[PDB]
């Protein structure tokens, strides 16, 4: 046990971070980074730094991209069930490796979290913002491109259908990016991820118009 590095995304997040109230951990299917080694390293780090840590595993809109990638509707669902079986198995071993701090974690899938009225309350605001705030709409569009361009699989082509799947996926996530304090009902939250992303880069720095909720902070955490 020899830990990993932490960088704070923009001045705005600096004071919210130091207190270490809440951490949001976003996990992704098909991303090499979420190998047992790093997931366990990440989970233990948030247990030692944050008094409350929400873990969300993305299980939504994967189906759409596979159909866009040229796979049958039934071919898509079969794959998704397989991809999520392995993610759940990986996650079970990851949290098992942390143990004692499992009480300090609130692990749920995105679709499960989608059910929550507090999620739906923020989603209402984020979807409106994508259509109204040009600045945020633009940030979302770069995040869509980034999602499509880095999608899992042997797919190579890019169509309008891929973009919708991209936008759908990105819109399901936006509440967690914009108002995590409101989604999880916490006074403040820190979105933790191993890289800067178009959305985070926009929300970490934004001062006017649609922006991050007071309490929303961003930190980049990766191995040393």
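Positions refer to the first chain, counted from 1.
Q: When the C-alpha temperature factors are averaged for each of 136 to 144 and 88 to 96, which stretch ends up with the higher value in the entry?
A: That would be 88 to 96.
Q: Select between 46 to 54 and 60 to 68 the stretch whose C-alpha atoms have the higher average B-factor in the entry.
A: Comparing averages over the C-alpha atoms only gives 46 to 54.
Q: Based on the deposited C-alpha B factors for this chain, I'd like to know if residue 212 is in the lowest, middle or highest third.
A: Middle third of the chain for residue 212's C-alpha B-factor.
Q: Could you place residue 151 in the lowest, middle or highest third of its chain by Cα temperature factor, using the values in the record?
A: Lowest third of the chain for residue 151's C-alpha B-factor.
Q: Tell me, lowest, middle or highest third: where does the Cα B factor of residue 126 rank within its chain?
A: Within its chain, residue 126 is a lowest-third residue by C-alpha B-factor, going by the deposited values.
Q: Hey, what third does residue 32 fall into on Cα B-factor, ranked over its chain?
A: For residue 32, whose C-alpha B-factor we compare with every modelled residue in the chain, the answer is the middle third.
Q: How does residue 107 rank on Cα B-factor within its chain, lowest, middle or highest third?
A: Tercile = middle for this residue's CA B-factor.
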